């Protein structure tokens, strides 16, 4: 009926990976020729994936390697769900602000908001992603 553990692991990893491509495209525009419409579209993807409810992909047996599929989540992610929830809400707030300032076309304002979204990816990885 619903997604199996191994499918939930592949899907959250797809979501994270797609955000990474869009993060790299904003960094490449900030350093080379800034194209405001390309940054806006990339920022829009990060805000949409941050609001997508990825919490639903951390269901019961997804704390371990299942089949052919390997997870890098640390077991502490489960057991610290209020802390996870708070970092997650700091991340949708930073992701929503990037989308809003990307819409102004001003690269300097985008540099700052991008730095704050980066911070939020990093603080969750630091505590909850292995090795």
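Residue numbers count along the first chain shown, from 1.
Open item on the list: Averaging CA B factors per stretch from the PDB record, which one is higher: 103-111 or 14-22?
Closed with: The stretch with the larger average C-alpha B-factor is 103-111.
TODO: Would you tell me which stretch averages the higher CA B-factor in the PDB entry, 44-52 or 73-81?
DONE: Per the PDB entry, the higher value belongs to 73-81.
Open item on the list: Test of reading the entry: by CA B factor among the chain's modelled residues, which third contains residue 65?
Closed with: CA B-factor rank for residue 65: highest third.
TODO: Give the position of residue 87 by CA B-factor within its chain, expressed as the lowest, middle or highest third.
DONE: Top third by C-alpha B-factor.
Task: Modelled-residue ranking by C-alpha temperature factor, third containing residue 30 - done: Highest third, going by the recorded CA B-factors of the chain.
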